[PDB]
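Participant: Attaching a single structure in structure tokens format; questions to follow.
For neighbour counting, all protein chains shown are included, and Cβ atoms are generated from backbone atoms with ideal geometry for every residue, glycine included. Computed from the coordinates by the stated procedures, all read-outs in this text should not be read as laboratory data.
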């Protein structure tokens, strides 16, 4: 019934893992800093009309445990009626928070919902929360768990992506991320992080290596029992060609992102102008042993649900967990090169697990307005073999 | 929009914390066991139409970490397209999963959603996840965090609930829970837990003390936060500590599932709706007292559904502390005959992430048994939040 | 809460002796057998004894657990475990819960309990000793300690998993003790921690045990009778699953286990690892109960019944002379003469000299015979650098191998084993020049794999002493000997070769004379099914994966390169002539066109440098890249389970034909022969047990096997049709 609109989408810069600028900043502070930025942009907004806060977090332990979303509500002085809920759908947790917010608004029982995600991987590394599958060898023996690094190499092996092919994509992602920063694309969306005195901590994506060459990517070295376990299911494959290095895989970084979602009546009541409209969402999945092929059926589903095709989409944004995942995605749906991750991706700027989905969502919101384009499709491969896709339309 | 319906609601028995029957059972198994029971009750259901599995969990660490909802999908052999997401809204996590499932159905972009929650507090105790607030003293100093038991004592002090008052409610919770088990009310919905050989592990809520007496409750002993609470509630001189282990929720293990789908999704699978999600709401109150949040959430879910207190046949409020229920009863003038009519967490237990789905499924069964129309389910939440849900029997 | 099995009859097993100091000596002495076994009599006996230890606790200061048998305690009641149906899971759980309830009482008595291990302490017996606070072992010959429950498809259910994990941690207990059921000598048992101290003779055990109790009560008064996991501040070695160091590599243990099992459906190691990890997350009592549920899961399962049938009942019946002719006595062997110094003859000379026999290794040239002895020197070299044998026993072993090239050096030989090239007239000449030089009572053995023994026996005059003694490469690591009985072969020669096989540490099966015998014939159908699937267009990687995931030690195409495709074609030429004499010729197996296409291209196997795999510097390196284009690989993609079933059923159905024709005289020979001879997967219990223990979508049992065989016959050909003997 009600249509869900995006009114604002901001994110922090992404600080690297080793000697990172954000390592001294608690993940709660990253979220609170973005809430304060929303207050600076629209100070006359009635915060009591904010009915929930939904944050994605893949490792909700330690500094990220205890429903970090509710903590952000209390620590930022938001109204106590503004809710606060943490969710975890692995890599898509950021976009799942946005999708759930949009679906809650469409049901007519929520007015204005703040969504996003946060992940301080240098303070809470992935795997810190344990895992019901890692601690249960009775079932882990049967689901055939394999780290996503090997599943990516397997995709390159089956599809025939050479080491030079994945390195060529890694170079393109660096080049497009550098061109986006220098061109001022991220000027209004990346909110610099500061300490309690106002001193600067970080104002750019540290993980970027813009001076990357194809000759340096070839010098890198690729990243017991996992290789033989994968081939037990994909039995027609003799050997896995290990092509993915630290230069063509997503970076481990810290960051947070926020997206404001509400109905048309909610924005009109607060003097807000809609930036884009959530057209459709979809969740699907594929084989969990290869673990990174969920984007294709999820994108196919979100297109049929919205009554659209590839020719109707202006921009495609898939998370750059591994180069072969994106090349496989581009090959399946025949995505033109000029539409795919046009502003670089996680290979250059990093993949802060729970926050990535909201970051690349807000990235497409800005690029649609910058290009004066109409539609964008955002998708992410997920651990456990899942897939999430979302279609936004500029207003 | 598109109406959301409840098609099934089941739960495990609640095993106690000390020398409990469910302590040797992984929380992933408690969920898989409930999934397998749903297959037994409806074998010809096309599981490919289940588009998402949403599970509430408050301490998602160790045996409960790594998106236990997705783990249940893969471990139980559910279709790989069935998703799986864990969410944490503290005590209301179970009802938030049901509410989110219902809202996803109402949006139209989901067909059939499996909701519920799981919590094995004897294996993953409360607080195992740390906490963004408890580890940042600079801001934990201004929020003035006070544990839930002192907020409940503060409620009893302000509203004037005596030690005998809260122990009297504790007695009727043990009594009504015993009458519900003896009457067979829970026969269809409590699925016994069995091992990999089919041997029985637990078939009843073993935290119940049905031989509770007024004299026995008076012998229990009550549980610098008191100073901190009175710094905000400065007109209060002394806090009357009236809550013991006999009038507070019990630490238990358990899990629950609620299948939610549209009218079209049920007709396509040959299913019959048991109840309809009328409205949901989320509000809150002061985060120092914490447990006064269910009152504005209930008023908002009534305003949203176009109903009043007189239109509700059954009220179900989680018995976290007796003073919370007594204040809720006092604020909205809830009659005794309609409030937690089959007992609550004081008798049977409060398995955090699963309680919301358990007490919701309890009301689906009691509406059918009583042939009544409406029920309102609400839970007080930590951090000062509230969640309320209205269902109507179909 | 009782120490007895039934809350609502057999003879007593344990003797009771309390001394003046209050030390009770429980001496296990089952009067119905030679070995203390964890049967119903023991459970009731230890139930009475443990009750008495509690009733007289005020007058008891220590307990010693001893045995009057030659062994300490070895074995459970396999006769009872194999009959446990899934509906009996309640009784199986209650039984192991009662056993461990007794041991937990003995363990928490408040006073030290010492195990006086006088001999083999295996399985339940070690679980008894693990329940004691101190273990003293006698360093006698033949003594072993370990938990071999996994080799019978079971798990240590009397507390073995729970206590080894508490003693050594998850990783060490699983890898070293639990997962492979390794047996340790008393010296090595103390080195890893299973035993605490040793004594020279069994007579010192009980005095040393009572002495340790006296010293423990005086030196450690508060810790006496308290295990490490029952003290405050206990820290599990290597950490608990929640410890950060272990939680990193713990989700990778099932994947390491699936790689070692190569995807085979053996569930026992999966359960042991599950019970170990789940047990380390809880207290000792809850962990022990979890171990009981996994044990009941295995015992009531089918794989455990397969492995119990083969590796306990069938193997014992064989070792007890099941196929050995009755009435015949023992006959010594003084000088073994090996004809031919190939890899077979060299391995025969090694396993014979390692047993103490004097070996005369002959070849056509002294250079060749000496190189065959070098096979034994290189094996003794690797055995010396790893410290498994001494320098003195290695010099005495090689001293018994005498290489030569003169037929006169076969003087005094009373046991001949020919290992020359597979050819009838060659074997006739080789035997003709030595049959009058060896002793007149000498056994004339032929290590032939296909040629009928009756034909080879015509080349000698003492045909009653001619017999087939078929070994398997590598002889130093293959446990079976296939004894083929010719028509004129006497029962005495059969028993003498039988006794020889046990003397060298191998397992024999008796086979009547027939082309292909049993091992060559059955393994041929296994290889033929793979080559057929390759011709049908199946990916070579999928074929090899199907072989490993079925449970075979080596995938089929890899094995074919080792069997030589040239020799594989000669078996096709030979079996062609035999059936042409009867009628209807013979239907050439589809694999024969695949063998020829490989020989025409010049790839005959590992011997010729190239086969289905490319071989560079001896080591095998990847499949032949031209293999996919030659046979159009990928055009046929059947289910992996169909590739697996085609290889398992072909061998199982061929085994049933051998049992019908009289080639084999017992299913024990069939099962152990297929397992130990050609590598049939152990989870099946043997190619004959596989029929009665088949499990899949059709169900379980002989009926489900026939159903699946007919399903395969409709798809892949009527060679999978079941014989009349399996129909009912």
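Participant: Take peptide B:96-103, look around each residue's Cβ out to 10 angstrom, count Cβ atoms belonging to other protein chains, and average those counts.
Facilitator: Mean number of neighbouring Cβ atoms from other chains: 3.
Participant: Same structure again: With the radius of gyration and the Kirkwood radius both derived from the Cα set of segment B:264-338, what is their ratio Rg to Rh?
Facilitator: Over the Cα atoms of segment B:264-338, Rg/Rh equals 1.08.
Participant: From other protein chains only, count the Cβ atoms within 10 Å of every residue's Cβ in C:242-254, then give the mean.
Facilitator: Taking the mean over all residues of the peptide, I get 5.
Participant: When Cβ neighbours within 10 Å are restricted to other protein chains, what is their mean count per residue of peptide A:107-115?
Facilitator: 4
Participant: Per-residue counts of other Cβ atoms within 10 Å, averaged by peptide: what ranking do you get for A:290-296, C:330-336, highest first?
Facilitator: The densest-packed peptide leads the list: A:290-296, C:330-336.
Participant: Does segment B:1-57 come out rounded, prolate or oblate by the C-alpha gyration tensor, with a ≥ b ≥ c the root eigenvalues, rounded set by a/c under 1.5 and, if not, prolate when a/b is larger than b/c and oblate if not?
Facilitator: Note, shape of segment B:1-57 comes out prolate.
Participant: Label segment C:179-282 by shape, choosing from rounded, prolate and oblate, from the square roots a ≥ b ≥ c of the eigenvalues of the Cα gyration tensor; if a/c is under 1.5 it is rounded, and otherwise prolate applies when a/b is larger than b/c, oblate when it is not.
Facilitator: Cα axes put segment C:179-282 in the oblate bin.
Participant: So if the hydrodynamic radius of segment C:1-332 is defined as the Kirkwood radius over C-alpha pairs, what does Stokes-Einstein give as its diffusion coefficient at 4 °C and 1.567 mPa s, in µm² per second?
Facilitator: 63 µm²/s
Participant: Starting from the Cα coordinates of chain A, work out the convex hull volume and express it per residue in Å³.
Facilitator: That works out to 138 Å³ per residue.
Participant: Taking a temperature of 20 °C and a viscosity of 1.002 mPa s, what whole-number D in µm²/s does Stokes-Einstein yield for the protein assembly as shown with Rh from Kirkwood over alpha carbon pairs?
Facilitator: Answer from the Stokes-Einstein relation: 59 µm²/s.
Participant: Distance between Cα centroids, segment A:5-65 to segment C:6-77: provide it in whole Å.
Facilitator: For segment A:5-65 versus segment C:6-77, the Cα centre distance is 68 Å.
Participant: Given that compact globular proteins tend to follow 2.2 N^0.38 Å, what is the ratio of the alpha-carbon Rg of segment C:26-88 to that value?
Facilitator: Against the compact-globule rule of thumb, the ratio is 1.36.
Participant: Something else now. Tell me the label-point distance for the pair residue C:616, residue B:333, using the 7 Å Cα-to-Cβ offset, in nm and rounded to one decimal.
Facilitator: Roughly 9.0 nm, to one decimal.
Participant: So, by mean Cβ neighbours within 10 angstrom, what's the order for C:42-53, C:469-480 with the highest one leading?
Facilitator: Result, highest mean first: C:42-53, C:469-480.
Participant: Follow-up. Kindly state, as a whole number, the per residue volume in cubic angstrom of the convex hull around the alpha carbon atoms of segment C:1-160.
Facilitator: 117 Å³
Participant: Normalising by the residue count of segment A:1-85, find the relative contact order in percent from Cα pairs under 8 Å and 6+ residues apart.
Facilitator: 27 percent
Participant: Along its three principal axes, how long is segment C:517-728 when you only count alpha carbons? Whole Å, largest extent first please.
Facilitator: 50, 41, 31
Participant: Alpha carbon centre of segment C:153-172 versus segment C:184-218: separation in Å?
Facilitator: Here the answer is 21 Å between Cα centres.
Participant: What does the extension gain come out to for residue C:139 and residue C:405, with contour length at 0.36 nm per residue minus their alpha carbon separation?
Facilitator: Separation in residues times 0.36 nm, less the Cα-Cα distance, equals 91.3 nm.
Participant: Once the Cα gyration tensor of chain C is found, what semi-axes does its equivalent ellipsoid get, as square roots of 5 times the eigenvalues, in whole Å, sorted largest first?
Facilitator: Semi-axes, largest first: 49, 32, 24 Å.
Participant: Follow-up. What's the ranking of A:310-320, C:538-548 by average number of surrounding C-beta atoms within 10 Å, highest first?
Facilitator: C:538-548, A:310-320
Participant: I need the shape label for segment C:367-494. Rule: rounded when a/c is under 1.5, else prolate if a/b > b/c, else oblate, with a, b, c from the alpha carbon gyration tensor.
Facilitator: It is prolate, given that a/c is not under 1.5 and a/b is the larger ratio.
Participant: Round to a whole angstrom and tell me the spacing of the C-alpha centers of segment A:83-127 and segment B:341-394.
Facilitator: Segment A:83-127 and segment B:341-394 have Cα centres spaced 26 Å from each other.
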